[PDB]
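Below you'll find only one chain, the form deposited in one PDB entry, shown as structure tokens.
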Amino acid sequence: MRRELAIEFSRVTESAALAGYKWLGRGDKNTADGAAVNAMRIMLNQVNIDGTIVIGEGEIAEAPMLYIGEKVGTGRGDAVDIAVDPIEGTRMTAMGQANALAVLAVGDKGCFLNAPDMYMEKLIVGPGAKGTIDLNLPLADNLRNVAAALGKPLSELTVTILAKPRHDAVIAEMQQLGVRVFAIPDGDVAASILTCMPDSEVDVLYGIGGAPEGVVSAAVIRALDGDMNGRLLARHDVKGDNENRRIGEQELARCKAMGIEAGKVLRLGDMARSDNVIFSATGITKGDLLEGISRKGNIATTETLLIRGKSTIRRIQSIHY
């Protein structure tokens, strides 16, 4: 402990994944998510930590379970901060599609950036390009710098990015630069980790995705010794000026209340403040990062990726009876 808890945390994501898996292909993203949230909370509440949910399902008002500030754990052990994404890929789960997974990160008290559930522009790279990125520079400059750091031509650089209307221009810009663009339907947490996975052609993740998702990515990227910058963006500034403005202003007032500057570049250490992070993710369906659950009779299998910032990276293939 806390290294002794690594296995306990993997059981939490295995439970969440198996619970979400029950709703795979059932066309109900809310119910799938609720099942995974419930299973994750049940399991966390049997772990010997004094956990606070810092990234989660919503404020107490909108989220009955795993709400921001919720206390979880038996209360024995260390005060830790907890980031949960019980299903990354809820729509993908509802639709029986690839790349759904259950995600948890655990760190020292105060180790995760406290920021609103708003959008964040992200630029994420692996260890081979650590120190070569700066979101204050033009995208094309960053991409050139990263390719040079990795010792490959620009035309071979592979950038992953969410396939969303907000990204039309930048995707076209990158393709014109001659880079390879892997535009993904959802799931920038899992995709961010591919930057640190040698057998994935992905070199960089770039683009606007969920802020809490970006803070989880910062935690795991830090643990893997990659690099990331983020920049918080208000809703109307990413979707267009229309109730976006209303949502946007709540977000900016929240940034101030939490003492965060929106639109300012966040360095890796601004989002994940220490190396003492345990990250666990378990596949629901097969994706680029993890195998999916299988079931034959009364036996089910899961694969879990378990990463500890202090230290080896583990892939745990379990058979459950």
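What we label the rigid core is the largest C-alpha set whose atoms superpose within 1.5 Å from one form to the other. Residue indices: 1-based, along the sequence shown.
There is another form of the same protein, the form deposited in another entry; it is not shown, and what comes next is about it.
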Discussion item. With the two forms fitted on the rigid core, I'd like to know which residue in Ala190, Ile133, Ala83, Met118 is displaced by 2 angstroms or more at its CA between this form and the one not shown.
Written reply: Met118
Worksheet item: Taking the rigid core as the reference frame, is the Cα of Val179 displaced by 2 Å or more between this form and the one not shown?
Response: yes
Worksheet, complete the sentence: Relative to the shown structure, Cα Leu224 and Cα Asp186 in the other entry (3 Å or more change) are closer
Practice prompt. Compare the CA separation of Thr285 and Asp199 in the other entry with the one in the displayed structure, and answer closer or farther (the difference is at least 3 Å).
Written response: farther
